[PDB]
Structures are given as C-alpha cells and as structure tokens.
Amino acid sequence: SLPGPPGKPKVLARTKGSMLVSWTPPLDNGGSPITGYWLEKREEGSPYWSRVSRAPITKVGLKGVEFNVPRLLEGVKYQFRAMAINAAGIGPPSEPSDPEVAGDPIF
Ligand SMILES: [Cl-]
C-alpha cells in the first residue's frame, strides 16, 4: 500500500550554499501513483533530519526526481534522504546519500 523507498539520492551539483540532489523513484509504488516526494537533510553535529521543501517535490530531471536544496552552510557536510508519497501516505526513507560538503565544485 505505502510506496517503497526511493533510490539513494545523489548530489549532482553543489555550491557554497546549495546542492542539487536527485533520486530515482521506488521500484514499487505501492499500487497507486506516487504524487510527490519529501526530501530531508542531516548535517554534521546534529542527529536530526529536516525537510527542505514546504511542499512535495515532483520535478523530473535528467537523472531522476530532483531538487536544489538551498540554505546550506559553507563547509558543512550534509546527507539527504527521500520519501515517496502515494494515496496511502508517506513511504520509508531511501538510504542516505553519500556525504557532501557545501562548497564550490572542483573546476
Ligand atoms: Cl566537486
């Protein structure tokens, strides 16, 4: 009924204050269409997971569903996890992304 976990998110772009995060839809949507996703972040120095958007994320980019996470702090290390939403509710989280630091990218 609930959807399965989305794929492990990947950071596709970063700046000092943002990261473009992308993930694949779950293999099992639970039997009803997924209507959107929640994305949460966790930083170094805190155990908590925090939603990064006020409304569900739906944008499909080149590699998966994606969102540019704002309000990151330069030099801080973050991970992200995504949850799918369907008619039954919010599914379990993806595996967390590999850690990434907010900073500008290697040229
Ligand atoms: Cl980089």
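Derivation of every value follows stated rules applied to the coordinates shown; laboratory data play no part. Because the Cβ atoms are built from the backbone with ideal geometry, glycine has one as well, and the counts that use them run over all protein chains shown.
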Worksheet item: With springs only between Cα atoms under 10 Å, which of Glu66, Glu43, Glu74 fluctuates most in a Gaussian network model of the chain?
Response: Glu74
Fill in: Over the range 10-102, relative contact order from alpha-carbon pairs under 8 Å, at least 6 apart, %
35
Fill in: GNM top mover of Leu73, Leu27, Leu39 - the chain, alpha-carbon springs below 10 Å
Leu27
Response to the item:
Expected sort for 76-82, 47-53 on mean C-beta neighbours within 10 Å, highest first, is 76-82, 47-53
Fill in: Gaussian network model of the chain, Cα within-10 Å springs - most flexible of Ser22, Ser32, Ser97
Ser32
